[PDB]
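Chemist: Each protein sequence line maps, in turn, to chains G and B.
Using the working numbering, read the first sequence as starting at 1 and increasing by one per residue.
Using the working numbering, read the second sequence as starting at 221 and increasing by one per residue.
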Amino acid sequence: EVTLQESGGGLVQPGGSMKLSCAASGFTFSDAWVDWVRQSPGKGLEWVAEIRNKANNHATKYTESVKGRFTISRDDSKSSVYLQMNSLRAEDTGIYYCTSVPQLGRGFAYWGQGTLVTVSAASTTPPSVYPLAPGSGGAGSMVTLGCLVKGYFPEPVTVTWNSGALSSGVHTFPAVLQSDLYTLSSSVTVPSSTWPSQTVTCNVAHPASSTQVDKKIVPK
Amino acid sequence: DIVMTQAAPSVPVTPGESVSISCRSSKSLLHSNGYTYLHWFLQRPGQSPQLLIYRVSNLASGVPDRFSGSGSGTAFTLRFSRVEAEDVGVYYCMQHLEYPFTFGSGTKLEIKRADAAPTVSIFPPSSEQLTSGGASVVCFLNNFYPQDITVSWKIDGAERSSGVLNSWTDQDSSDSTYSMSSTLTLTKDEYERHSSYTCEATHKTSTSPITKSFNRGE
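1) Provide the residue(s) that pair with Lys332(B) in DSSP beta bridges, ordered along the chain.
2) If we define contact as Cβ-Cβ less than 8 Å, is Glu420(B) a contact residue for chain G?
3) Express the C-alpha separation of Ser230(B) and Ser242(B) in angstroms, rounding to a whole number.
4) Excluding five sequence neighbours on each side, which residues of the same chain lie with their C-beta closer than 7 Å to the C-beta of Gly94(G)?
5) Look at the alpha carbon of residue 221(G) and the alpha carbon of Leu184(G), and state the distance between them as a whole number of angstroms.
6) Taking 8 Å as the limit between beta carbons, can you name the residues of its chain near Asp395(B), skipping five residues before and five after?
7) May I have a chain-ordered list of the alpha helix (DSSP H) segments no shorter than 4 residues that lie completely inside the segment 358–382 of chain B?
8) Could you tell me which of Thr405(B), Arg275(B) and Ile430(B) sits nearest to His251(B), measuring between CA atoms?
9) Buried or exposed: where does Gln113(G) fall if 16 or more other Cβ atoms within 10 Å of its Cβ makes it buried?
10) When you compare the CB of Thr183(G) with every CB in chain B, is at least one pair closer than 8 Å?
11) Shortest alpha-carbon distance to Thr201(G) belongs to which of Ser73(G), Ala165(G), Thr124(G) and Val81(G)?
12) Against chain G, does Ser245(B) count as a neighbour if the rule is that its beta carbon must be under 8 Å from one of theirs?
13) Do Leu83(G) and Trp33(G) have their C-beta atoms closer together than 8 Å?
14) Under a three-way DSSP split, which group does residue 206(B) fall into?
15) By the DSSP assignment, the alpha helix (DSSP H) with residue 464(B) in it spans what residues?
16) Give, in chain order, every unbroken run of the beta strand (DSSP E) that is at least 3 residues long and sits entirely within the segment 163–210 of chain G.
17) Do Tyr97(G) and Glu155(G) have their CB atoms nearer than 8 Å?
18) Which residue's Cα is closest to the Cα of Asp376(B): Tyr255(B), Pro232(B), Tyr417(B) and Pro429(B)?
19) What is the residue span of the beta strand (DSSP E) that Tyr274(B) lies within?
20) Cβ of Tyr411(B) less than 8 Å from any chain G Cβ?
21) Could you please give the first and the last residue of the uninterrupted beta strand (DSSP E) stretch that includes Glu46(G)?
22) In chain order, what residues of the same chain have a beta carbon less than 6 Å from the beta carbon of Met85(G), not counting five sequence neighbours either side?
23) DSSP beta-bridge partners for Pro232(B)?
24) Quick one: what's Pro131(G) bridged to in DSSP?
25) Quick one: what's got a C-beta closer than 7 Å to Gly135(G)'s C-beta in the same chain, skipping five residues either side?
26) By the three-class DSSP mapping on this structure, what secondary structure does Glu6(G) have?
27) So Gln226(B) and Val308(B) are in contact, right, with Cβ under 8 Å, and what is the actual spacing, rounded?
28) Taking the alpha carbon of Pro191(G) as the reference point, which residue from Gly140(G), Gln178(G), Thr211(G) and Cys147(G) has its own alpha carbon closest?
29) Specify the secondary structure class of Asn386(B) as computed by DSSP and reduced to three states.
30) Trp373(B) and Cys313(B): beta carbons closer than 8 Å?
31) Do you know whose CA, among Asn435(B), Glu330(B), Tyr255(B) and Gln315(B), lies nearest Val357(B)'s CA?
32) In terms of residue numbering, what span does the beta strand (DSSP E) encompassing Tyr319(B) cover?
33) Of all the options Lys408(B), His423(B), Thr425(B) and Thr389(B), which has the alpha carbon lying nearest to the alpha carbon of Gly266(B)?
34) Does DSSP put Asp221(B) in a helix, a strand or coil?
35) Just by C-beta distance, which residues in the segment 94–109 of chain G are closer than 9 Å to chain B?
36) Taking its Cβ as the centre, do 16 or more other Cβ atoms sit within 10 Å of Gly326(B), making it buried, or is it exposed?
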């Protein structure tokens, strides 16, 4: 089982500093070079830096825009690589992925799940969660319910329905940034034979503020 | 810097048919050692990128047999022998020959399917939100095809445009439909000066707008 797991991202002050970590397992880490690639709406996938293995002198390479500000390093005893970012600018906001390049040639073979870095002086704010229940009687065959997750910062938030039991009829929409705050909608569509008979609850978690809210959708 | 170009920003395809995506580099990607360092990646909606083909034509492990790659020097092709609805996503080529490594802008594979009218649902502000002084009216336009749709908000007949937050999902990997969320945000006070709230959707499936509305005083 090959895995790469990034951590350390989140909201960070412009001009501030933040260190991302990437823990590896399931492949010969010592035989691999490791890279950081980030993704932003403006540039798409953008290579950020690379650090080679011991045999190749742990050499480092950086993309121009971050040279002198970022430092990639690695700890072979912990099978991990780090990206120390300083003098953070708005252009550094994005999802950062750790990816490994085994030297038995395979390009960027393994990728982590990514960590979102948001460069902003705005404050962390928890969301308000509101249930969205239909106005008239349902019938017909199916009914669509929703949850409005409003007023939070920064991203991400995770939304599930009935703690994960309801997922096939779910649509959680990308969050929309308004006045320094995100607003997101999530909808779930179930048989009219399921709701209001059975309890349907949207579970919202906002890691950044350690907020967790369960709201039941009640017929109005 | 080597420039990687993927001309098509997207390509429509019917499940079951063959398709190909192209990419070109501003420089030959052949290395001194005889290898051509060009790779293809897949990024499914909301997931991290994943390797599909390394060095022009070698499939990575776990990658389905339907993928293949070809090309030399500066022109490359990724081909699907039979596309599946599950293939929705953005496909990227990348040069791994010189620093800085660079990626093409990507080509989104769009699955073609039968037209489908959206299921429109409108939601009055929740009681909980009103006691807090807010009044967001939400409209979901779900599971439609094709992807383009227009939403117009009407407060007592008069159209509203400011304070509208719109969000769209990527194409569904199981049924190939699209969905959209539109939220009209008002202050509770603004909300109580009017009575009829309307979510109007125009989609190719209907000659006339699909209207859903409710009354504040009901």
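For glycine and all other residues, C-beta sits at the position ideal for the given N, C-alpha and C.
Modeler: Working from what's here:
1) By 1-based counting over the second sequence, the position of residue 332(B) is 112. The partner list for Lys332(B) (beta bridge, DSSP) is empty, contrary to what the question assumes.
2) As a working mapping, residue 420(B) is identified with position 200 in the second sequence. No, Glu420(B) does not count as interfacial toward chain G.
3) For the purposes of this step, residue 242(B) is identified with residue 22 of the second sequence, where counting begins at 1. For the purposes of this step, residue 230(B) is identified with residue 10 of the second sequence, where counting begins at 1. Approximately 11 Å between the Cα atoms of the pair.
4) Locating residue 94(G) in the first sequence gives position 94, where the first residue counts as 1. Result list for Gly94(G): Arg38, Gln39, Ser40 and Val117, in chain order.
5) Limits of chain G in this structure are 1 at one end and 220 at the other, which puts residue 221(G) out of reach.
6) Locating residue 395(B) in the second sequence gives position 175, counting from the first residue. Cβ neighbours of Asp395(B) beyond the five flanking positions: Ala305, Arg333 and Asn363.
7) none
8) As a first step, residue 251(B) must be located in the second sequence, where it is residue number 31. Per the Cα distances, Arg275(B).
9) Position 113 of the first sequence, counting from 1, holds the residue named residue 113(G). Burial call: exposed.
10) Stepping through the first sequence from its first residue, residue 183(G) is reached at position 183. It does: the Cβ of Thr183(G) has a partner Cβ on chain B nearer than 8 Å.
11) Here the question's residue 201(G) lines up with position 201 in the first sequence. Of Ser73(G), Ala165(G), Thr124(G) and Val81(G), the residue nearest in Cα terms is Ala165(G).
12) Position 25 of the second sequence, counting from 1, holds the residue named residue 245(B). Chain G, which has no Cβ nearer than 8 Å to the Cβ of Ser245(B), makes this no.
13) Here residue 83(G) refers to the residue found at position 83 when the first sequence is read from its first residue. Here residue 33(G) refers to the residue found at position 33 when the first sequence is read from its first residue. Not in contact: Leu83(G) and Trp33(G) (Cβ atoms no closer than 8 Å).
14) Shown here, chain B extends from 221 to 438; a query on residue 206(B) therefore has no answer.
15) One cannot answer for residue 464(B) here, as it falls past the ends of chain B, which runs 221 to 438.
16) 170–172, 182–191 and 201–206
17) Here residue 97(G) corresponds to residue number 97 of the first sequence, with the count starting at 1. Here residue 155(G) corresponds to residue number 155 of the first sequence, with the count starting at 1. Going by C-beta atoms, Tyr97(G) is not nearer than 8 Å to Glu155(G).
18) Taking the second sequence and counting its residues from 1, the one referred to as residue 376(B) is at position 156. When only C-alpha atoms are compared, the closest one is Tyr417(B).
19) In the second sequence, residue 274(B) corresponds to position 54, counting from 1. Unbroken beta strand (DSSP E) run through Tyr274(B): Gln270 to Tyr274.
20) Taking the second sequence and counting its residues from 1, one reaches residue 411(B) at position 191. It does not; no Cβ of chain G falls within 8 Å.
21) Stepping through the first sequence from its first residue, residue 46(G) is reached at position 46. Per DSSP, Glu46(G) belongs to the beta strand (DSSP E) from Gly44 to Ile51.
22) As a first step, residue 85(G) must be located in the first sequence, where it is residue number 85. The residues are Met18 and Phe70.
23) Position 12 of the second sequence holds residue 232(B). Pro232(B) is bridged to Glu330(B).
24) Taking the first residue of the first sequence as 1, we reach residue 131(G) at position 131. For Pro131(G), which the question treats as bridged, DSSP gives the partners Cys147(G).
25) For the purposes of this step, residue 135(G) is taken as residue 135 along the first sequence, with counting starting at 1. Once the five neighbours on either side are set aside, the close Cβ partners of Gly135(G) are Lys220.
26) Counting from one through the first sequence, the residue named residue 6(G) turns up at place 6. In this structure, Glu6(G) counts as strand in the three-state DSSP scheme.
27) For the purposes of this step, residue 226(B) is taken as the residue at position 6 of the second sequence. For the purposes of this step, residue 308(B) is taken as the residue at position 88 of the second sequence. Actually they are not in contact, since the Cβ atoms of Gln226(B) and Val308(B) sit about 17 Å apart, beyond 8 Å.
28) Walking along the first sequence from the start, residue 191(G) turns up at place 191. Closest option to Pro191(G), Cα to Cα, is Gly140(G).
29) Locating residue 386(B) in the second sequence gives position 166, counting from the first residue. Of the three classes helix, strand and coil, the one that applies to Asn386(B) here is strand, per DSSP.
30) Numbered from its first residue, the second sequence carries residue 373(B) at position 153. Numbered from its first residue, the second sequence carries residue 313(B) at position 93. Their beta carbons are not under 8 Å apart, which means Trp373(B) does not touch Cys313(B) by this criterion.
31) Within the second sequence, residue 357(B) is the residue found at index 137, counting from 1. Ranking the options by Cα distance to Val357(B), first place goes to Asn435(B).
32) Residue numbering aside, residue 319(B) sits at position 99 when the second sequence is read from its first letter. Element bounds for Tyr319(B): n/a, residue is neither H nor E.
33) In the second sequence, the residue the question calls residue 266(B) occupies position 46. Out of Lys408(B), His423(B), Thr425(B) and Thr389(B), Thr389(B) has the C-alpha closest to the C-alpha of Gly266(B).
34) Along the second sequence, read from residue 1 onward, the residue named residue 221(B) stands at position 1. Reduced to three states, the DSSP call for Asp221(B) is coil.
35) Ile95, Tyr97, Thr99, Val101, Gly105, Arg106, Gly107, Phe108 and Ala109
36) Taking the second sequence and counting its residues from 1, the one referred to as residue 326(B) is at position 106. Burial call: buried.
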